[PDB]
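Asker: Pasting an experimental structure with its sequence.
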Amino acid sequence: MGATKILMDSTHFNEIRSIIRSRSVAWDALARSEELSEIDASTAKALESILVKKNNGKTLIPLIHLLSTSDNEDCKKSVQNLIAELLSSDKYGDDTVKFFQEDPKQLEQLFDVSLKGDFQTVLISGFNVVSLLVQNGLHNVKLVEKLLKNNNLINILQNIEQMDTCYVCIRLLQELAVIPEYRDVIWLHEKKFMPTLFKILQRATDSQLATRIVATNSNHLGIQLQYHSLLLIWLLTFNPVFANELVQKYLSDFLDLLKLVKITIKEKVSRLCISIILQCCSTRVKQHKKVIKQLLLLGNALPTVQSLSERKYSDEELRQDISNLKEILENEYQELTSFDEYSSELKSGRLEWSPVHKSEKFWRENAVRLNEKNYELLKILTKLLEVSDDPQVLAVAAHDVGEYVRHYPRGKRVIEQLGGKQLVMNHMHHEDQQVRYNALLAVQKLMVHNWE
């Protein structure tokens with residue numbers, strides 16, 4: 001119905017909250033320096049009393065007075081805790097936000113130091129800021145426009161050796177960027193802190209169950225951090241422009257993103273780990289059919305990506321899309337027009353292993369059409385073969401010679417236009433293992449074919 005209650009999870013984000021709630025300083029004298037009021041003096045000190053359960057609102061007027069009075073450092077976050085807890089009281093409700101949201105000015109005087117100053121300052125500050133910003137009876141957009149640019153807040157999102165700060169910075173963001181209004185705009189402002197995520201995940205390169213320094217690690221924080229990070233990163237992207245850009249921005253950084261589940265996974269990772277690449281290939285945006293090529297070329301996990309599929313998982317919500325992934329991922333590579341692409345790259349003069357060609361059963365299916373073509377540009381590939389420096393080109397020369405294994409001997413005589421056996425022999429003396437493995441196959445082809 002009204003304002004919700006969020007983030008009852010953490011300890012770091014929850015430790016100072018208890019640090020302040022559990023105790024309370026007597027404000028009876030705190031109106032002596034006039035930090036508090038003198039006429040409306042029965043409420044500021046009345047905190048722990050009004051916290052109790054007994055028999056909207058009944059004090060909406062005076063509070064603004066001391067709100068305005070609040071123009072100094074320390075008590076800011078104790079009162080922030082007070083506001084947070086009291087607004088987390090259903091009996092006293094939160095409908096007074098519909099009165100605040102006329103033109104909230106309580107925020108501004110709390111802002112130009114919030115997101116800045118000491119750590120715990122911003123930590124305590126952010127909660128009500130966001131939890132009311134989410135309320136939309138009035139433009140919160142300019143409010144977040146102020147809240148975005150800062151100096152220390154960037155540090156609060158930069159502390160990566162210590163993970164306490166960015167944690168909340170981004171959990172509250174997750175609860176924040178749900179609505180497109182703020183989603184898009186804030187994305188228009190943070191296009192440099194992705195490295196945040198990058199470390200938040202790249203750490204797993206070396207890991208062990210009973211190691212590292214964490215107490216009560218991931219009951220609610222340890223990898224709840226990763227949960228946040230990933231869920232936000234994908235969540236926000238649903239504007240087609242977003243992923244459309246980011247993909248070209250950081251292809252490689254999200255290339256190994258596939259590795260996210262290559263070895264290790266836990267409960268909640270499943271649905272998400274690749275559910276973004278889902279969006280990275282969806283049929284609703286530009287380059288939705290253009291880049292994943294290289295993803296596959298450098299990945300090759302595709303067989304093991306399938307191998308991820310069969311091992312049944314408890315949840316229905318993930319079998320459909322995981323299947324969708326492979327099916328679409330097969331209906332283009334097997335459809336990767338072979339001689340079209342082959343002759344294209346050949347006439348290009350620049351080449352990579354291009355392992356499509358070696359995967360050749362469907363390519364030999366019409367190799368007779370290559371005999372038609374008679375591959376005289378392969379006579380040119382001979383010229384390419386005398387002198388070589390690219391390992392890919394050099395080795396694929398042998399591979400290209402060798403595919404005759406599934407091809408009729410009617411190619412044997414056109415080969416007989418070739419046949420100086422010392423050529424591929426001297427090449428055999430080129431023993432570089434990386435090529436030598438299939439150089440064995442090459443030099444071997446002639447004689448077993450004689451068997452063939």
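Answerer: Received it, and whenever you're ready, just let me know what you need. Numbering: from 1, shown residues only.
Asker: biggest helix in the chain by residues?
Answerer: Taking DSSP state H as the criterion, the chain has its longest helix at helix 433-451.
Asker: Pull that one out as PDB, backbone CA atoms only.
Answerer: Extracted C-alpha coordinates of helix 433-451, given in PDB (Å, rounded to 0.1, in the frame of the first residue of the first chain):
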ATOM      1  CA  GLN A 433      54.000 -28.400 -31.600                       C
ATOM      2  CA  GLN A 434      51.100 -25.900 -31.800                       C
ATOM      3  CA  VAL A 435      51.100 -26.600 -35.500                       C
ATOM      4  CA  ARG A 436      53.000 -29.800 -35.400                       C
ATOM      5  CA  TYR A 437      50.100 -31.800 -33.900                       C
ATOM      6  CA  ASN A 438      48.100 -31.400 -37.200                       C
ATOM      7  CA  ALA A 439      51.300 -31.200 -39.300                       C
ATOM      8  CA  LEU A 440      51.500 -34.900 -38.400                       C
ATOM      9  CA  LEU A 441      48.000 -35.300 -39.900                       C
ATOM     10  CA  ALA A 442      49.000 -33.300 -42.900                       C
ATOM     11  CA  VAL A 443      52.200 -35.200 -43.800                       C
ATOM     12  CA  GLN A 444      50.400 -38.400 -42.900                       C
ATOM     13  CA  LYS A 445      47.500 -37.800 -45.200                       C
ATOM     14  CA  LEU A 446      49.200 -38.800 -48.400                       C
ATOM     15  CA  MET A 447      50.100 -42.400 -47.500                       C
ATOM     16  CA  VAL A 448      47.000 -43.500 -45.600                       C
ATOM     17  CA  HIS A 449      45.000 -41.900 -48.400                       C
ATOM     18  CA  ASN A 450      47.000 -44.300 -50.600                       C
ATOM     19  CA  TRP A 451      45.400 -46.800 -48.200                       C
END
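Asker: In terms of secondary structure, what does it contact?
Answerer: Applying 3 or more CB pairs under 8 Å, 6 or more residues apart in numbering; DSSP states H and E, we find helix 433-451 packed against helix 391-402, helix 421-429. Using the backbone N, CA and C atoms, a C-beta is placed for each residue, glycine as well.
Asker: how about the first one: buried residues?
Answerer: For helix 391-402, the neighbour count (16 or more other CB atoms under 10 Å) marks 393-402 as buried.
Asker: May I see those residues organised as JSON lines, with distance to residue 172 added?
Answerer: Shown next, in JSON lines, are these (distance: CB to CB, whole Å):
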{"residue": "393", "distance to residue 172": "53"}
{"residue": "394", "distance to residue 172": "55"}
{"residue": "395", "distance to residue 172": "53"}
{"residue": "396", "distance to residue 172": "53"}
{"residue": "397", "distance to residue 172": "58"}
{"residue": "398", "distance to residue 172": "58"}
{"residue": "399", "distance to residue 172": "55"}
{"residue": "400", "distance to residue 172": "57"}
{"residue": "401", "distance to residue 172": "62"}
{"residue": "402", "distance to residue 172": "60"}
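Asker: ok, residues contacting the longest helix of the chain?
Answerer: Helix 433-451 is contacted from outside by 391, 394-395, 398-399, 401-402, 404-405, 409, 412, 421, 424-425, 427-428, 430-431, using CB atoms under 8 Å, 6 or more residues apart in numbering.
Asker: Show me what the helix or strand containing residue 123 is packed up against.
Answerer: Here residue 123 sits within helix 119-133, counting by DSSP states H and E. The helices and strands touching helix 119-133, judged by 3+ CB pairs under 8 Å, 6+ apart, are helix 12-21, helix 75-87, helix 106-111, helix 141-148, helix 152-156, helix 164-174.
Asker: between it and helix 75-87, how big is the angle?
Answerer: 40 degrees (axes from the mean of the first three to the mean of the last three CA atoms, to 10 degrees).
Asker: What are the buried residues along helix 119-133?
Answerer: Those would be 121-133, for helix 119-133 by 16+ other CB under 10 Å.
Asker: same deal with stretch 136-146?
Answerer: 140, 143-144.
Asker: CA atoms only for that stretch - export them in CSV, please.
Answerer: Output of stretch 136-146 as CSV, limited to C-alpha atoms (Å, rounded to 0.1, in the frame of the first residue of the first chain):
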residue,chain,number,x,y,z
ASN,A,136,6.5,9.0,-6.4
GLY,A,137,3.8,11.6,-5.7
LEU,A,138,6.2,14.2,-7.0
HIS,A,139,9.3,14.4,-9.2
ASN,A,140,12.2,12.7,-7.4
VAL,A,141,14.3,13.1,-10.5
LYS,A,142,16.0,16.4,-9.6
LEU,A,143,16.5,15.1,-6.1
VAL,A,144,18.5,12.1,-7.5
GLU,A,145,20.2,14.6,-9.8
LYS,A,146,21.7,16.3,-6.8
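Asker: Show me what that stretch is in contact with.
Answerer: 97-98, 101-104, 107-108, 111, 133-134, 176, 179, 181-182, 185-186.
Asker: Write the PyMOL selection for whichever of those residues are buried.
Answerer: Buried residues among these (16+ other CB under 10 Å), as a PyMOL selection:
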select buried, resi 97+104+107+111+133+134+176+182+186
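Asker: Where helices are concerned, which of the contacts of stretch 136-146 count?
Answerer: Among the contacts of stretch 136-146, DSSP H puts 97-98, 107-108, 111, 133, 181-182, 185-186 in helices.
Asker: What is the neighbour count of residue 114?
Answerer: Neighbours of residue 114 under the rule other CB atoms under 10 Å: 24.
Asker: Please apply the same query to residue 160.
Answerer: Per other CB under 10 Å, the neighbour tally for residue 160 reads 14.
Asker: Repeat that for the one 3 residues further on.
Answerer: For residue 163, the neighbour count with other CB under 10 Å is 16.
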